[PDB]
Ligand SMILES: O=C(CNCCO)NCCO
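The chain below stands alone, shown as structure tokens; this is the form deposited without the named molecule.
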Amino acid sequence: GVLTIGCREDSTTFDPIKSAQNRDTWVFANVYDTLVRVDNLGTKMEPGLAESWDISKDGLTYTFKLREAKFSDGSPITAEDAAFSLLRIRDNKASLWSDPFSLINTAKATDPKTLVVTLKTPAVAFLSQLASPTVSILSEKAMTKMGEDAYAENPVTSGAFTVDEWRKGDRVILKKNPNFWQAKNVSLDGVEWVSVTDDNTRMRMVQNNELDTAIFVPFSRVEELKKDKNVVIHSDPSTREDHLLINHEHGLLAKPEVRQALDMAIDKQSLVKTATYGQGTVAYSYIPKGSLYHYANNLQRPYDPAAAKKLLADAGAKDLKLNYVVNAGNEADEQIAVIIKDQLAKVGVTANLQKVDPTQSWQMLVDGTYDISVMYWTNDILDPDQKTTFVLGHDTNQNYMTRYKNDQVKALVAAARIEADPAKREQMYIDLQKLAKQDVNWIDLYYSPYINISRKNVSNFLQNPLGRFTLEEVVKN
């Protein structure tokens, strides 16, 4: 009656505004609910806490009509709760998501059922923006009774589940929230996210019935696990992209040329086909294929070890040594690093692999104690602004911890967001994909579907294109 999910990185918080990591957002996307949601197919917005909403001509006022719906503890979910949840993303100091939410003049609830939001400038991305798990309706009353620190360990929740117990680093145990306004549709009695950092171990736990489901199926095992009759491999359309991060404030990695040389010394074809076993598709743009404004003809630098040696030598960077942070137990990461190390040695670049606990590598990216490291990004919304801001906006996240700094790009990101001409807006994200590619913000690696595993008695274990799991629709037989 309780569904266990093997995962890799583990929960750090339950306050959406202080985490930019799927280890939290894929967990609490089922713990809270949002005003707006996205369908399973990831093609449109559908109603959530707000049963309907309307837009003024000027395009600066969003009015939301709220349905009758209660929190985890019984109290009602009012538009004053939503107003408070939006506002703290823009205003709380600890917010990792403020920059796109500074476009907000006010969030106010006239009525308990009514939420009125006034922006400084139109922004078509805003409705889409509300679907993201970061803007999850919280309880103003409970956080203003408990405090923001204590809330993030035992939250009062608006979604299908509550955090029953949380053994840090080990497993998050969720209980079905009967006060959830769609609790009648939820078969499951609880969810357990169980952190298993080694991919093989996580796969054997599923096959050995120690886990009902698992995310992040090692690519090497997809073909054999697709013929295993006791389990089901999911391959869901995604907004996922993997990239090699570059610390631009680490010496000669600051030079575009040097980054360019590394981009040219890494054979994407052979790397994607070997590390991903043909599950991957070579990435050439930071906006994932199939997502809004993706630019199919973005530059792919051909593999050219000769031109990379020359760029490096001209840049005074001939004996470039790099600290390449690797997530141990992550098969793709390990495999990619081996390939990358081998290819870089051919242009005279020494990648040293520092293998680290996968749960720990993100903090090393924030503190910048790395030269290169592989990471991934998945969209939480149906608009390009979320990733553009995190990766290129020069917000508190320092462009996915790369510390890439380009003033034209920083300006273009804000203007792309504000632009109301849909055709010109699309053109600004094409320029962003070209600019990021020219400056080598990071090295684009591959697009891949979400590949997951479930035991055959588990039904509707779908991950949606935005990374949200339909755990409300799951049936355990």
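Quick note: we count residues from 1 along the sequence shown, nothing fancier.
Quick check on the record: does 300-308 or 143-151 carry the larger mean Cα temperature factor? Result: 143-151.
When the Cα temperature factors in the entry are averaged, is it 106-114 or 338-346 that ends up higher? Stretch with the greater average CA B-factor: 106-114.
Could you check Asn92, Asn397, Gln386, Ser285 and tell me which one carries the biggest Cα B-factor in the deposited entry? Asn92 has the highest C-alpha B-factor of those listed.
Going by the CA temperature factor in the entry, name the top one among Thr274, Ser158, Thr78, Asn379. Most elevated C-alpha B-factor of the set, per the entry: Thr78.
Looking at the entry's B-factor column for C-alpha atoms only, identify whether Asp314 ranks in the lowest, middle or highest third of its chain. As the PDB entry reports it, the C-alpha B-factor of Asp314 lands in the highest third of its chain.
Please place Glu46 in the lowest, middle or highest third of its chain according to the CA B-factor in the PDB entry. It falls in the top third of the chain.
By the record's CA B-factor, is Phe469 among the lowest, middle or highest third of residues in the chain? For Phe469, the deposited C-alpha B-factor lands in the lowest third.
What third of its chain's C-alpha B-factors does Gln427 belong to: lowest, middle or highest? Its C-alpha B-factor belongs to the middle third of this chain's values.
Ranked C-alpha temperature factor of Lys437 among modelled chain residues, by third: Lowest third - that is where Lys437 ends up once the chain's C-alpha B-factors are sorted.
Below, we refer to the form solved in complex with the named molecule, which is not included among the displayed structures.
Can you work out which of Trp97, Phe71, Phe161, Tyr404 has a heavy atom no more than 4.5 Å from the named molecule in the bound PDB entry? Contact check passes for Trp97.
Among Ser454, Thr13, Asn464, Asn22, which has at least one heavy atom within 4.5 Å of the named molecule in the bound PDB entry? Looking at the other structure, the residue within range turns out to be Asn22.
Since the chain is shown here on its own, which stretch among 378-386, 296-304, 137-145, 192-200 would lie within 4.5 Å of the named molecule in the bound PDB entry, judged by heavy atoms? This holds for exactly one stretch, 378-386.
Hey, in the bound PDB entry, does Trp362 get a heavy atom within 4.5 angstroms of the named molecule? Flag for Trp362 set to yes.
Using 4.5 Å between non-hydrogen atoms, is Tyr400 touching the named molecule in the bound PDB entry? Contact with the named molecule, yes.
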